[PDB]
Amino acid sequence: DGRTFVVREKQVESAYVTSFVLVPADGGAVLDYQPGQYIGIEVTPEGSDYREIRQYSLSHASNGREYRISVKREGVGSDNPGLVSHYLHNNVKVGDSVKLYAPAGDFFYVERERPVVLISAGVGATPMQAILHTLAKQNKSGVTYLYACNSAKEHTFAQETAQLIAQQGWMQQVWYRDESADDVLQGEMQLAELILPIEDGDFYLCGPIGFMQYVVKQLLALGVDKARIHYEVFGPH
């Protein structure tokens, strides 16, 4: 069964986000993909009669050996705690297996030899992470990384991203909505007071719709043509 993958690592990325490194158990194989794309993960949650399938963006660069995805605990401390995300967080240990369906998706980086801007918030960072590592392996110049999250504790991939930015000589800017920090802006992401490649860059977007629709209308306005704005949605939320 080529779908059977085992969890080799389970890393906490932030307060609500945990990563899973997955490898074939039963003779499957790690297929190539473009950064931005997703795989389907199938598990059978506790109590539940049924198998359940959810999509998760690859969060690292394609290497043919292992996949990484990064899962937000959805609906935490709420009326309806997300079914698959909680099961993954609470029950799927290193050494446990899941069934996995091959990479696919309409959203992915395309090399156009132009500047690149990655913008995300919250768990929308996941496909941006795959793109960052890919660009890093390609020694792409002209990369800007713009990221928003509620606070330091929800700052997903903070260290990993910072090392990459410094190593490749890129630039980044982070906003914490709910508190202040050094080199961090406080509040919602504000894109007027900083240097962006508006005329020629490609702008890649991923986050809650509210966060995005805001910034999608914002770039249309700033002169960027819609053909240069690319975005992913984790469903209609």
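Residue indices: 1-based, along the sequence shown.
Between 21 to 29 and 216 to 224, it is 216 to 224 that carries the larger average Cα temperature factor according to the deposited entry. Taking the mean C-alpha B-factor of each stretch as recorded, 121 to 129 and 80 to 88 are not equal, and the higher mean is that of 80 to 88. Comparing the listed residues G207, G187, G36, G64, the entry records the largest Cα B-factor for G187. For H237, the recorded CA temperature factor ranks within the highest third of the chain's modelled residues. For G40, the recorded CA temperature factor ranks within the lowest third of the chain's modelled residues. Sort the modelled residues of the chain by CA B factor and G75 lands in the highest third. Per the PDB record, residue ranking by Cα B-factor puts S48 in the highest third of the chain. When the CA B factors of the chain's modelled residues are split into thirds, the value for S180 lands in the highest one.
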